[PDB]
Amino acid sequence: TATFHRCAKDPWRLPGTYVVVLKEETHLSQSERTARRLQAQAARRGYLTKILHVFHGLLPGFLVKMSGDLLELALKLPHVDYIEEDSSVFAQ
């Protein structure tokens, strides 16, 4: 059962873009199909989405530009481990 996480430092959050992390052994083909499934389920509900990147090689999953309203839908997708809202990093 998948969980959601966002930056506790509220000025550092970047809402509207989410990293969907799939379970460790998920294959690239499964990541892409999950991403397209999200987009189709979203479109059915009247929501625009953009898949910005599909990850494989370290962590399986994808980066999606979408409204936060779709988060409970996305957490119910096959293979989902967790979802993290994007946030800022800074030169030290």
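Numbering starts at 1 and follows the sequence shown.
In this entry, 1-9 has the higher mean Cα B-factor, the comparison being between 1-9 and 82-90.
Annotation for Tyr47: C-alpha temperature factor in the highest third relative to the rest of the modelled chain, per the entry.
When the CA B factors of the chain's modelled residues are split into thirds, the value for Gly57 lands in the highest one. Looking at the C-alpha B-factors along this chain, the one for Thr34 belongs to the middle third. Annotation for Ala40: CA B-factor lies in the highest third of the chain's modelled residues.
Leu71: CA B factor lies in the middle third for its chain, per the PDB record.
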